[PDB]
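# please find the sequence and an experimentally derived structure below.
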Amino acid sequence: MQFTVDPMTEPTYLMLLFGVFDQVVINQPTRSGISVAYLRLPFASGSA
Amino acid sequence: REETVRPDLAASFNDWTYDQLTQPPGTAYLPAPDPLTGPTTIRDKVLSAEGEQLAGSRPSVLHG
C-alpha cells in the first residue's frame, strides 16, 4: 500500500498498525512450575 | 578372633586386587535413553514452528 499525505516542513513518521490477535495461555501444573506460550496472529514471532 | 582371618587376604598381603576389596555400593550399567524421546524435545520443535514463542517448563523427578 502507498499513501499521499500533505507535505509538512519537518520529517514525520507513519504509525501504521496491523490488527492482530495477541494471546497468552499460562498454566501452573506444579508448585513453582509456571509456563507460558505466547501466540500472536497473523504476525507470529516464533519461527524455526 | 584370629581363627577367622580369611586366608587369601593374607596370601596377597599388601597386594590386594579389586575382587578382594569392599566396594562402594551402586547399580549396574543401564544405557542412557534417547534424548529425542524426552517428553518435551520434539514438541518444542513443533509448537514453536507453528508460530509460538515458548517459555516455561515442568520440574524434574528430583524436583530440581
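Structure's in. What do you need? Residues are numbered from 1 along each chain as shown, chains lettered A, B, ... in the order given.
# remind me which helix or strand the closest residue to residue A:48 other than its chain neighbours belongs to.
The shortest distance from residue A:48 to any non-neighbouring residue, by C-beta to C-beta, 6 or more residues apart in numbering or on different chains, is to residue B:49 (4.3 Å). C-beta: built from backbone N, CA, C; applies to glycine. Counting by DSSP states H and E, no helix or strand carries residue B:49.
# over to residue A:40?
Using DSSP H and E, residue A:40 falls in strand A:35-41.
# what residue in chain B comes nearest to chain A?
residue B:56 (2.4 Å; C-beta to the nearest C-beta).
# that residue: neighbouring residues, count only.
14 (other C-beta atoms under 10 Å in any protein chain shown).
# go on, residue B:52?
Neighbour count of residue B:52, defined by other C-beta under 10 Å: 22.
# wait, it touches residue A:40, no?
No: look at residue B:52 against residue A:40 with C-beta atoms under 8 Å: they stay out of range, at 9.4 Å.
# contact residues of chain A facing chain B?
A:29-30, A:32-39, A:41, A:44-48 (C-beta under 8 Å from any C-beta of the partner chain).
# residues in contact with the spatially closest residue to residue B:44 that is not a sequence neighbour?
Leaving aside its sequence neighbours, residue B:44 sits nearest to residue B:54 (C-beta to C-beta, 6+ apart; 6.3 Å). Residues in contact with residue B:54 (C-beta atoms under 8 Å, 6 or more residues apart in numbering or on different chains) are A:36, A:37, A:38, A:46, B:44, B:47, B:48.
# kindly state the beta-bridge partners for residue B:54.
residue A:37 (DSSP bridges).
# residues of the strand holding residue A:40 that come out buried?
Using 16 or more other C-beta atoms under 10 Å in any protein chain shown as the test for burial, strand A:35-41 gives A:35, A:37, A:38, A:39, A:40.
# farthest from the middle of chain A: give me that residue.
residue A:9 (31.4 Å; C-alpha atoms, centre = their mean).
# next one: phi and psi at that one?
Per-residue torsions, residue A:9: phi -110, psi 0 (degrees, to the nearest 10).
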